[PDB]
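In mature numbering (1 follows the signal peptide of the UniProt record, and there is no 0), the protein residues as written are -1, 1 to 218, 252 to 712, 715 to 1125, 1164 to 1411, 1416 to 1449.
Using N, Cα and C, we set each Cβ at its ideal position, and we do this for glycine too.
Report on the structure given below.
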Ligand SMILES: *[C@@H]1O[C@H](CO)[C@@H](O[C@@H]2O[C@H](CO)[C@@H](O[C@@H]3O[C@H](CO)[C@@H](O)[C@H](O[C@H]4O[C@H](CO[C@H]5O[C@H](CO)[C@@H](O)[C@H](O)[C@@H]5O)[C@@H](O)[C@H](O)[C@@H]4O)[C@@H]3O)[C@H](O)[C@H]2NC(C)=O)[C@H](O)[C@H]1NC(C)=O
Ligand SMILES: *[C@@H]1O[C@H](CO)[C@@H](O[C@@H]2O[C@H](CO)[C@@H](O)[C@H](O)[C@H]2NC(C)=O)[C@H](O)[C@H]1NC(C)=O
Ligand SMILES: *[C@@H]1O[C@H](CO)[C@@H](O[C@@H]2O[C@H](CO)[C@@H](O)[C@H](O)[C@H]2NC(C)=O)[C@H](O)[C@H]1NC(C)=O
Ligand SMILES: *[C@@H]1O[C@H](CO)[C@@H](O[C@@H]2O[C@H](CO)[C@@H](O)[C@H](O)[C@H]2NC(C)=O)[C@H](O)[C@H]1NC(C)=O
Ligand SMILES: *[C@@H]1O[C@H](CO)[C@@H](O)[C@H](O)[C@H]1NC(C)=O
Ligand SMILES: [Ca+2]
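Structure follows, in structure tokens:
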């Protein structure tokens, strides 16, 4: 009965048959479920179900009966089935089939409804008698994302089937059995079924908004009553309403959906019921008022992840993780509590911190570093204060003088090499003389004979005679002899004078081979260099335990850290952490490691691989119950416990050397539990494994290495070929090759080990020390704090937990892209009092999923959150807890829209049994309020209106009732495109390649789409639908400079096996890519700078525009016509697709036939990083200026913008031919001609006249863009980053479209146009219009009035459109 508004969304592809959709949804990624169901339907089991409901009903019984799903999984199936998540996955098959299969399958197809493809041969019969062809085109045997494989087989078989018919069943069975035998491996691909109709797909999982477009007024329903002017209490009173209701869940939804309507209905409470001013004790501790925050098992989610699709994928990943944990007897509640524990999160923060290594002599008994300083005892610094407050009371870029030990620099130097020696002599000494507060040390490098001797020489000379004498030899040697061989002619001269009083123990003189001096000193030195990997082709310098390789300007790097370390000391001083009796260098050495291994501590910080340990001992039980195992000792403690597994090639020296070290390490550490895996031209071998398991008891009784070597040779054994099988499966699961050495401690993998000298006994010790710290100790404390320490029964038992919690903290989203914040699971909201602001839904005891929502009722973002969370709360095995936190800071109206979310937790069915389409229905809509319809769609989606007879930008029920006779409005949108978006990087010095051009292709067409790489995050996007695509760099400069190794389809990575350029989209989340591009031979080149096409493709003239109303669209029709009458040339029109009405959209082919022009619809989705516009008018303006380079195809040389309200009397070519004098775009200035208008000319004021020193204030109603130059100058990137930067201030750009080119005319040239090109009554005189080319209707007479009065021929154009519209309406086929 009530006046209603109904909005529905339909996809750009027809609805796949329901049967196939249920198969796909049902078997998400478990193949066994897939084929086990494929058998069931090939029985003809699902033939007796006539309707979608019946068919859906049948699947529930089947899944439950065959043990496939439990309550939790069944419930998750229903929601995912509602969402229609599997439909794009099925359409991927069809697009692939339509575009690559059909054109590469030459012949005459008759009876070939289904057909196997074997060895590029097609067989239309199960009997497999004859082959129709050698299939043309690329190999189809490529295993791609939507594939499934059944069985292992030398031969590869593919069946393209239309499952719907009965014709399928015999073909399936032919290859199912063939796979069961082992002849070949089976996989199914789809064929668009002609039994089904070409009806479009109805989607859900989006939101609709009804935005009030007049917000200015404030001091069933008619209009919202505006209330004076105590906004401040809205959130607070709104929060109470709910609490009071007692069915609170439903209240919030009912209140939050129609919130603008209930504003004046909240002025009454009656007295606020503010018991909950109590819970700002909650605010005082953790979150600021009016902030929306969601947590999923501790995981802090960003806004983009809060949609139905984003949330379904998170549960799927999360349950897999938790189920892994609860096989150890932990409740979902206990499991989550452990994952988000304080001690756990602390560890992640701890090793987010930068790492230092212990540069000290202490291990080498103070006989390796030869310091040129001592700041506490040098009698140079004697003058200076040895006070801490000297450090703390410092400001500037200068170095504070002090007599204290605080900064150290150790540089390893080769005394054979002149360049190396020069560093010490010139570099190091100046610094000493200069009284710098840094201690300078250096350790010689010993790689050759001469080097060994010269270390001895210098070391000796220091020991007896002193630093000055040693320095003296070095100085003299460098200038005098200029070589790294010891020179006595030079050496003896030094002793002659410098041999005065050599103190301490006396000099022995020449020659040197001291049993102690040569042995201990040189070998101790070698032990220092080896320990910190401070040698080789490129040596490593250590400043405050921070490695800086000896390259480029390392001192510049050192100085940067020197200041950064000083500021680190000062802040500890202001908090009073520091005290007078302290060794200051040890502030840095607190967390420093003794040994530096590039495997444990890779320079790529991200490089980390962890495996699920439980999985390893579950999948390969056959293998791991027969490997030589050294159990960790009977009498050792939980803290000592750790599990190690060594994978090595025992047929190689490196492989068996590595194991000896692991065995040695085990003798020392009684807590470790060791496993040995033989990997293996010999195949397998179970023999070598059997040789060791016999010696298992006697393991680590190997006094010498040959005892291990000999044990491998002796004994006669019978190969356990069952062992061999599980062995090769393990490596395949763990993604590791044959003859490769690896080390696994508590799930963490290091390798491949090329040389066993890289991983020694000392390396295992630090590996355990570091790993222990981070992963094991935080798990142990946390675990015990909860009292779950009963569940740990040994080293292997413990590894399952530690390995799982390490996998929990690895992000889905790379840090720095969507949010800078790390993957830290907080438990910090557990402190909060809950009685009067919280309510829970779902069983906490059973729940695997725990949601914590902190929603502000006054927020528009809250409207969406509530709606989505209610549907996810309906799922079994999910728990939700809600916190309401309003703000007292309300300067403007809080919620200015009505909201509806289209989503169901389980599918709905027709009276006919068909699946119910889901719609957003607003009932009891105010009759007098002007409303705007908006779509709040998931990030990967591109949406436009398809069916509507109303103005969605200007909705009023009273007008529709008075014009149409109906109080009911119905509109349909189309999900036209789904995004392929990615973040590029250059290799190896990873930077965003800007100006790079890309081409998206398909086998049908080699030019689907094209875009250019942006500066910010190497961002790019493509508009596509489900299917198989490829990304080729655009032929030209781009392919000349670069080669793209990969499209990052597997993740940020590189994940092995991703050296691919193929993209496929089979999800409603689109495709997220992280491509990599490496520069071709010796290039520092740039695309942007040099070393009739567009006309032919498009038109002589290319004009683009935008309109946001029926009036503005009516005026746009006139604009196009005026051009046409005024030019005997070819014109193409370009439009911003999503701002136009379907009435306009359905009309243009008719305008195109009449006026003889071509048209193309264009759009681009506003990037996630780029700053949004809440106000639609502002969005529109942004579209005209921010995306000029990326909105139009590369093939377009140039474009012209003409405003909707405009009219043109000129042949528009002239604007093309207008010389731009190397400028990217051309504009027309503001009229000075009107005499008395001055007052309102704001661009002659302080701000605009100071800024525009001499430059004009231009008009955005008309302009030329020399697109080739625009992109070449990379103007867009600059516009975008200046806009983003300026936009932080809300009052920054009054009219951005005009203001951005004007603000950028210093930076980006603007060609100025003759003013013959623009006329506006408001600012130009009437005398001017005789020579006027075009007219804008700039802004109290209305726009319709100005047109008729200002231009006499406006009516002539309007009549032409009017009769044609009627001619079309009266044209019925
Ligand atoms: C893809 O999905 C399918 C379907 O959910 C998963 O495949 C199922 O895997 C089961 C084993 O993991 C298998 O059941 C086995 O049946 C034999 C014969 O009775 C048992 O010897 C096995 O024992 C192992 O698993 C049990 C599990 O507890 C069960 O105990 C009794 C057994 O009678 C059941 O009544 C009870 O409900 C429990 O489920 C352990 O207790 C044992 O120690 C032992 O390790 C298995 O029970 C299923 O037949 C198999 N297929 C189907 C259709 O269910 C598959 O794992 C999954 N794949 C992935 C990648 O997730
Ligand atoms: C809120 O509600 C009503 C106002 O609507 C208050 O009650 C009124 O009390 C006066 C006497 O002080 C009576 O003359 C009115 O007739 C009452 N109104 C009604 C509708 O009964 C009430 O005191 C307010 N505050 C609280 C705590 O409820
Ligand atoms: C949660 O609420 C309790 C009250 O139920 C708070 O307890 C207070 O504790 C202090 C001592 O630490 C007492 O002197 C107060 O009287 C208590 N408050 C009340 C209202 O009685 C507790 O501090 C609150 N915690 C948080 C995090 O808000
Ligand atoms: C555009 O259209 C036509 C050419 O097809 C030109 O029209 C002719 O103009 C002369 C002089 O004004 C008339 O006497 C003829 O009768 C016209 N012929 C036709 C077929 O229209 C017109 O001048 C051209 N204008 C421009 C600007 O190119
Ligand atoms: C204070 O000085 C002592 C030595 O006297 C030192 O061990 C301690 O670490 C210093 N205090 C702090 C808080 O670090
Ligand atoms: Ca205008």
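| Asked | Found |
| --- | --- |
| Have a look at residue 13 and residue 912 and give me their C-alpha separation to the nearest angstrom. | 33 Å |
| My assumption, with CB atoms under 8 Å, is that residue 95 sits in contact with residue 1062. Please give the rounded CB distance. | 5 Å |
| Please confirm whether residue 194 and residue 16 have their CB atoms less than 9 Å apart. | yes |
| Would you mind listing the beta strand (DSSP E) stretches within the segment 107 to 150 that are 3+ residues and don't spill past its ends, in chain order? | 114 to 117 and 120 to 122 |
| Between residue 835 and residue 875, which are expected to be in contact by the criterion C-beta below 8 Å, what is the C-beta distance as a whole number of angstroms? | 30 Å between Cβ atoms; not a contact. |
| How should residue 721 be labelled, buried or exposed, when 16 other C-beta atoms within 10 angstroms of its C-beta is the threshold for buried? | buried |
| Which of the three DSSP states is assigned to residue 1227 in this structure? | helix |
| Using 8 Å as the cut-off, classify the Cβ of residue 314 as near or not near the heavy atoms of ligand 3, replying yes or no. | yes |
| Could you check the C-alpha separation between residue 429 and residue 338 for me, to the nearest Å? | 47 Å |
| Do residue 780 and residue 99 count as a contact pair if the criterion is CB distance below 9 Å? | no |
| Do you know whose CA, among 930, 937, 594 and 948, lies nearest residue 50's CA? | 948 |
| For the segment 1306 to 1325 and the segment 1220 to 1228, state whether three or more C-beta atom pairs, one from each stretch, are separated by less than 8 Å. | no |
| What did DSSP end up calling residue 1330 once you bin it into helix, strand or coil? | strand |
| Give a yes or no on contact between the segment 264 to 281 and the segment 303 to 310, applying the rule of three or more CB pairs nearer than 8 Å. | yes |
| Where does residue 1089 sit, in a helix, a strand or coil, going by DSSP? | coil |
| Taking the CB atoms as reference points, tell me whether residue 1263 and residue 1307 lie closer together than 9 Å. | no |
| Does the beta-carbon of residue 1235, which I'm using as the reference point, lie nearer than 8 Å to any heavy atom of ligand 4? | no |
| Less than 8 Å between the CB of residue 1379 and some heavy atom of ligand 7, yes or no? | By its list of ligands, the structure shown excludes ligand 7, since it contains just ligand 1, ligand 2, ligand 3, ligand 4, ligand 5 and ligand 6. |
| Determine the burial state of residue 614: buried for a count of at least 16 other Cβ atoms within 10 Å of its Cβ, exposed for fewer. | exposed |
| Applying the criterion that 16 or more other CB atoms from any shown protein chain within 10 Å of the CB defines a buried residue, is residue 1203 buried or exposed? | buried |
| Under 8 Å, with one C-beta from each stretch per pair, do the segment 1203 to 1220 and the segment 1023 to 1031 reach the 3-pair mark? | no |
| When every heavy atom of ligand 2 is checked, does at least one fall within less than 8 Å of the C-beta of residue 296? | no |
| Figure out for me which residue from 586, 441 and 1186 has the closest Cα to the Cα of residue 1278. | 1186 |
| Residue 210 to residue 291, Cα distance in whole Å? | 12 Å |
| Taking residue 1190 and residue 1434 to be in contact with their CB atoms under 8 Å, please state how far apart those CB atoms are, rounded to whole angstroms. | 6 Å |
| In the DSSP assignment, find the beta strand (DSSP E) that holds residue 710 and state where it starts and stops. | 704 to 710 |
| Just to confirm my understanding: we take residue 867, look at its own chain, exclude 5 residues before and 5 after, and list those with CB closer than 8 Å. What are they? | 310, 311, 313 and 314 |
| Please state the DSSP three-state secondary structure of residue 1253. | helix |
| For residue 347, collect the residues of the same chain with a Cβ closer than 7 Å to its Cβ; drop the 5 residues on either side in sequence, then sort them by chain order. | 75 and 883 |
| Where does the unbroken beta strand (DSSP E) through residue 593 begin, and where does it stop? | Looking at the DSSP string, residue 593 is not in any beta strand (DSSP E); the run it does join, the alpha helix (DSSP H), is 586 to 606. |
| The alpha helix (DSSP H) with residue 1414 in it runs from where to where? | For residue 1414, no position is available: the coordinates of the chain end at 1411 and pick up again at 1416. |
| Inspect the CB distances between the segment 1330 to 1341 and the segment 1294 to 1301 and report whether three or more fall short of 8 Å. | yes |
| Can you give me the Cβ contacts of residue 1423 inside the same chain, cut-off strictly under 6 Å, excluding the 5 residues immediately before and after it? | 1430 |
| Over the uninterrupted alpha helix (DSSP H) stretch that includes residue 521, give me the two end residues. | 520 to 530 |
| Kindly list the residues whose CB is nearer than 8 Å to the CB of residue 751, restricted to its own chain and excluding five residues on each side of it in sequence; keep chain order. | 720, 721, 724 and 725 |
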